[PDB]
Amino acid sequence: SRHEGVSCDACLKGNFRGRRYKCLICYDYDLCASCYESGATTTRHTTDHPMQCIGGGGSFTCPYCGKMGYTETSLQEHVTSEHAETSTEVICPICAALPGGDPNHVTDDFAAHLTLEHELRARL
């Protein structure tokens, strides 16, 4: 998924995909996974600083039938199988659970939303 509203203090890319790493010493300081894994530093930040990984995991509810307990992977498998042609408006549970996440991503094609905005790869 994307870290909406977040930009990397080292490479300046924003709303980046993959995992987000937040420094717990420097104020409002975040690294994309590429800059985190590669030891990127700026003026105030060192690789010694404690970092918190944000995003990933979680169990999700299907908005079309209400069944609970899916992972991001199994939710997408379920929706793309059992609800691929429906036009009811629903709100995305994954966006709402991710910090920065749109609290209300309203969509009438949830299967396309998962495929496009929640791709199933660790770096995405």
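A residue's number is simply how far along the shown sequence it sits, counting from 1.
Two stretches are in play, 68-76 and 24-32, and the higher mean C-alpha B-factor belongs to 68-76. Averaged over CA atoms, B-factors in the entry run higher in 82-90 than in the other of 46-54 and 82-90. In the PDB entry, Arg2 places in the middle third of its chain by CA B-factor.
For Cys11, the recorded CA temperature factor ranks within the lowest third of the chain's modelled residues.
For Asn104, the recorded CA B-factor ranks within the lowest third of the chain. Only modelled residues enter the ranking.
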